[PDB]
>>> print(open('entry02.cif').read())   # mmCIF, C-alpha atoms and all ligand atoms
data_final
loop_
_atom_site.group_PDB
_atom_site.id
_atom_site.type_symbol
_atom_site.label_atom_id
_atom_site.label_comp_id
_atom_site.auth_asym_id
_atom_site.auth_seq_id
_atom_site.Cartn_x
_atom_site.Cartn_y
_atom_site.Cartn_z
ATOM 1 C CA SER A 7 61.773 129.606 112.398
ATOM 2 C CA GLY A 8 57.958 129.226 112.106
ATOM 3 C CA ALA A 9 54.898 127.169 113.012
ATOM 4 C CA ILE A 10 51.375 126.330 111.906
ATOM 5 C CA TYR A 11 48.618 127.033 114.481
ATOM 6 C CA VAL A 12 45.543 124.905 113.507
ATOM 7 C CA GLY A 13 42.801 124.324 116.139
ATOM 8 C CA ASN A 14 44.603 123.357 119.390
ATOM 9 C CA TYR A 15 47.738 122.153 117.478
ATOM 10 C CA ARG A 16 51.166 123.770 116.896
ATOM 11 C CA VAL A 17 53.165 122.217 113.958
ATOM 12 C CA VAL A 18 56.947 122.863 113.915
ATOM 13 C CA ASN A 19 60.071 121.423 112.419
ATOM 14 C CA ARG A 20 61.035 118.522 114.782
ATOM 15 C CA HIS A 21 64.643 119.883 114.921
ATOM 16 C CA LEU A 22 63.306 123.263 116.255
ATOM 17 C CA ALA A 23 60.843 121.837 118.808
ATOM 18 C CA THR A 24 61.106 123.373 122.334
ATOM 19 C CA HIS A 25 60.907 121.741 125.784
ATOM 20 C CA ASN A 26 57.318 123.024 125.969
ATOM 21 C CA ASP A 27 56.523 121.297 122.673
ATOM 22 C CA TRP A 28 57.891 117.968 123.960
ATOM 23 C CA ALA A 29 56.052 118.482 127.336
ATOM 24 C CA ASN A 30 52.771 118.866 125.291
ATOM 25 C CA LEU A 31 53.549 116.320 122.549
ATOM 26 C CA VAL A 32 50.781 115.041 120.234
ATOM 27 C CA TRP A 33 52.860 113.405 117.410
ATOM 28 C CA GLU A 34 56.391 113.495 116.012
ATOM 29 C CA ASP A 35 58.200 111.897 113.062
ATOM 30 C CA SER A 36 62.004 112.305 112.599
ATOM 31 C CA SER A 37 61.819 110.961 109.010
ATOM 32 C CA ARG A 38 59.427 113.915 108.158
ATOM 33 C CA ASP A 39 61.147 116.531 110.406
ATOM 34 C CA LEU A 40 57.684 117.249 111.979
ATOM 35 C CA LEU A 41 56.497 117.631 115.562
ATOM 36 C CA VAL A 42 52.987 118.617 116.674
ATOM 37 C CA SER A 43 52.269 119.883 120.212
ATOM 38 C CA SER A 44 48.994 120.948 121.940
ATOM 39 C CA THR A 45 48.047 124.655 122.575
ATOM 40 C CA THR A 46 45.830 126.445 125.175
ATOM 41 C CA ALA A 47 44.734 129.048 122.550
ATOM 42 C CA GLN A 48 42.794 128.238 119.310
ATOM 43 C CA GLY A 49 44.852 128.772 116.091
ATOM 44 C CA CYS A 50 43.332 130.253 112.880
ATOM 45 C CA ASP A 51 45.451 128.486 110.208
ATOM 46 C CA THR A 52 43.727 126.195 107.694
ATOM 47 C CA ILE A 53 45.569 123.093 106.381
ATOM 48 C CA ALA A 54 45.305 122.700 102.597
ATOM 49 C CA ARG A 55 43.444 119.565 101.527
ATOM 50 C CA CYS A 56 44.440 119.187 97.863
ATOM 51 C CA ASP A 57 47.198 117.998 95.429
ATOM 52 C CA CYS A 58 48.286 121.505 94.359
ATOM 53 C CA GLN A 59 51.869 121.817 93.048
ATOM 54 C CA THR A 60 51.893 125.626 92.874
ATOM 55 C CA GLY A 61 51.928 127.901 95.897
ATOM 56 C CA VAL A 62 53.828 130.749 97.585
ATOM 57 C CA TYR A 63 56.346 130.246 100.431
ATOM 58 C CA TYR A 64 57.939 132.675 102.903
ATOM 59 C CA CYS A 65 61.765 132.866 102.766
ATOM 60 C CA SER A 66 62.962 134.714 105.959
ATOM 61 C CA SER A 67 66.582 135.057 104.603
ATOM 62 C CA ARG A 68 65.282 137.187 101.694
ATOM 63 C CA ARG A 69 62.275 138.825 103.477
ATOM 64 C CA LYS A 70 60.300 137.635 100.419
ATOM 65 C CA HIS A 71 57.290 135.530 99.504
ATOM 66 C CA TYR A 72 58.162 133.518 96.405
ATOM 67 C CA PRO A 73 55.662 131.854 94.026
ATOM 68 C CA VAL A 74 56.918 128.294 93.332
ATOM 69 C CA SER A 75 56.086 125.014 91.599
ATOM 70 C CA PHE A 76 56.790 122.037 93.905
ATOM 71 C CA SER A 77 57.001 118.274 93.581
ATOM 72 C CA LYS A 78 54.727 115.553 94.995
ATOM 73 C CA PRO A 79 55.439 114.449 98.632
ATOM 74 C CA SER A 80 58.104 111.697 98.380
ATOM 75 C CA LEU A 81 61.064 109.898 99.997
ATOM 76 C CA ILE A 82 64.166 111.869 98.950
ATOM 77 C CA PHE A 83 67.860 111.747 99.919
ATOM 78 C CA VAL A 84 68.839 115.047 101.596
ATOM 79 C CA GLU A 85 72.537 116.118 101.830
ATOM 80 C CA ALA A 86 73.956 116.993 105.260
ATOM 81 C CA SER A 87 72.731 120.316 106.773
ATOM 82 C CA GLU A 88 73.741 122.074 110.020
ATOM 83 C CA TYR A 89 70.812 120.259 111.792
ATOM 84 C CA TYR A 90 70.681 116.727 110.140
ATOM 85 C CA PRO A 91 73.189 114.291 108.651
ATOM 86 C CA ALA A 92 72.831 113.224 105.007
ATOM 87 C CA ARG A 93 69.722 110.953 105.137
ATOM 88 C CA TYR A 94 66.362 110.011 103.574
ATOM 89 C CA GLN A 95 63.467 112.348 104.460
ATOM 90 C CA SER A 96 59.834 111.265 103.797
ATOM 91 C CA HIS A 97 56.775 113.364 102.674
ATOM 92 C CA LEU A 98 59.203 115.974 101.230
ATOM 93 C CA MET A 99 58.414 118.324 98.303
ATOM 94 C CA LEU A 100 61.114 120.187 96.375
ATOM 95 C CA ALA A 101 61.022 123.472 94.474
ATOM 96 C CA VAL A 102 63.671 125.606 92.823
ATOM 97 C CA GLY A 103 64.338 128.387 95.285
ATOM 98 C CA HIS A 104 66.379 129.798 98.137
ATOM 99 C CA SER A 105 66.518 128.018 101.560
ATOM 100 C CA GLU A 106 69.096 128.627 104.392
ATOM 101 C CA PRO A 107 68.831 126.669 107.654
ATOM 102 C CA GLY A 108 67.172 129.707 109.345
ATOM 103 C CA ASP A 109 64.385 129.539 106.694
ATOM 104 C CA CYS A 110 63.046 126.284 108.254
ATOM 105 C CA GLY A 111 59.435 126.812 109.334
ATOM 106 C CA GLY A 112 58.624 129.250 106.480
ATOM 107 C CA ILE A 113 55.056 128.431 105.384
ATOM 108 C CA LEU A 114 54.134 127.196 101.880
ATOM 109 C CA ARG A 115 50.489 128.025 101.035
ATOM 110 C CA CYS A 116 48.058 127.550 98.139
ATOM 111 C CA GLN A 117 44.455 128.772 97.720
ATOM 112 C CA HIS A 118 43.294 125.813 99.983
ATOM 113 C CA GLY A 119 45.529 126.674 102.987
ATOM 114 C CA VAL A 120 48.877 125.621 104.476
ATOM 115 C CA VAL A 121 50.620 122.950 102.372
ATOM 116 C CA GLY A 122 53.752 122.591 104.499
ATOM 117 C CA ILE A 123 56.816 124.169 106.077
ATOM 118 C CA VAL A 124 60.394 124.656 104.838
ATOM 119 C CA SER A 125 62.535 121.747 106.085
ATOM 120 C CA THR A 126 65.508 121.439 103.661
ATOM 121 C CA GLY A 127 67.730 123.587 101.446
ATOM 122 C CA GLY A 128 70.958 123.690 99.428
ATOM 123 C CA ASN A 129 71.975 123.126 95.747
ATOM 124 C CA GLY A 130 69.417 125.839 94.825
ATOM 125 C CA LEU A 131 66.384 123.810 95.990
ATOM 126 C CA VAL A 132 63.980 124.365 98.869
ATOM 127 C CA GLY A 133 62.293 121.366 100.491
ATOM 128 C CA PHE A 134 58.915 121.493 102.272
ATOM 129 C CA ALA A 135 57.565 118.995 104.797
ATOM 130 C CA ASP A 136 54.035 118.286 103.606
ATOM 131 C CA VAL A 137 51.132 118.390 106.126
ATOM 132 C CA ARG A 138 48.131 117.891 103.784
ATOM 133 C CA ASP A 139 47.938 114.094 104.564
ATOM 134 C CA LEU A 140 47.634 114.769 108.347
ATOM 135 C CA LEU A 141 43.765 114.891 108.230
ATOM 136 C CA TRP A 142 43.553 114.614 112.098
ATOM 137 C CA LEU A 143 44.913 118.251 112.363
ATOM 138 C CA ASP A 144 41.340 119.338 111.270
ATOM 139 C CA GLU A 145 39.555 117.746 114.327
ATOM 140 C CA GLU A 146 39.572 116.800 118.072
HETATM 141 ZN ZN ZN B 201 45.860 123.594 97.168
#
>>> encode(input="entry02.cif", output="C-alpha cells", more="lines below")
Ligand SMILES: [Zn+2]
Amino acid sequence: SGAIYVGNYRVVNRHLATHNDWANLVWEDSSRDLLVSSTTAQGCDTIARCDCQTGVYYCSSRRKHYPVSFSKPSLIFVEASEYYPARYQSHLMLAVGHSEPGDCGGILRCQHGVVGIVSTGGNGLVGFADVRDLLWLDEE
C-alpha cells in the first residue's frame, strides 16, 4: 500500500483506489495503474521534476529502503500478477529489486522529490509508475 500527498491531490495505484478516491476522482489511467483523487487537507510531498535514473524506494515486504538504478518511463509487457492480467503498462520504469504485490504504493524518490510508486514485480524486477510527467500535480 501507499500514496503520494501533493497539494490537494492523493496519488495511488489505480488497482488499490478506494470508493472515496473514485467519489473524489481527478484523473485515472488503467494503462499506467494510476489514480489521483482530491483531498481536504494539504499534502507536503514534492514531485520530482527531472530525468534521474537513480533513487531509493521503500519495499514494505523487506521493511527496507533500497538504493536502485531504474530505466526510463516506457511501454513494457508485464506478466500476470494477482491484480492484473499479462498486459502492456505505460510510463513504467524497471529496476533490479524485490517487489511483492503488497509492495505496490512504495515510494521511489531522488534528490528532486517523488519519482513514482511501485506498480509491478516478479522475475527479480520492481516496476515503478512514473509521475514526473504529470506537471499539473504541482498546481490548482
Ligand atoms: Zn531527480
>>> closest_atom_pairs(input="entry02.cif", of="range 84-116 of chain A", to="range 17-41 of chain A", cutoff="9 Å", atoms="all atoms listed in the file", output="CSV")
residue,atom,partner,partner_atom,distance
A:89,CA,A:21,CA,6.9
A:90,CA,A:21,CA,8.3
A:93,CA,A:37,CA,8.8
A:94,CA,A:37,CA,7.1
A:95,CA,A:37,CA,5.0
A:96,CA,A:38,CA,5.1
A:97,CA,A:38,CA,6.1
A:98,CA,A:38,CA,7.2
A:110,CA,A:19,CA,7.1
A:111,CA,A:19,CA,6.2
>>> residues_near_ligand(input="entry02.cif", ligand="ligand ZN 201 (chain B)", cutoff="10 Å", atoms="all atoms listed in the file", output="count of residues only")
17
>>> closest_residue(input="entry02.cif", among="A:126, A:67, A:14, A:7", to="residue 142 in chain A", atoms="all atoms listed in the file")
A:14
>>> residues_near_point(input="entry02.cif", point="(70.8, 112.2, 100.0)", cutoff="7 Å", atoms="only C-alpha atoms", output="compact mmCIF listing (two decimals) with C-alpha atoms, in the frame of the given file")
# COMPACT_ATOMS: atom_id res chain seq x y z
CA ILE A 82 64.17 111.87 98.95
CA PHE A 83 67.86 111.75 99.92
CA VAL A 84 68.84 115.05 101.60
CA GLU A 85 72.54 116.12 101.83
CA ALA A 92 72.83 113.22 105.01
CA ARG A 93 69.72 110.95 105.14
CA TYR A 94 66.36 110.01 103.57
>>> closest_residue(input="entry02.cif", among="A:141, A:146, A:75, A:63", to="residue 109 in chain A", atoms="all atoms listed in the file")
A:63
>>> closest_residue(input="entry02.cif", among="A:79, A:106, A:88, A:144", to="residue 130 in chain A", atoms="only C-alpha atoms")
A:106
>>> resolve_selection(input="entry02.cif", expression="the PyMOL selection byres (((chain A and resi 48) around 10) and not hetatm)", output="list in words")
residues 11, 12, 13, 14, 15, 16, 44, 45, 46, 47, 49, 50 and 51 of chain A
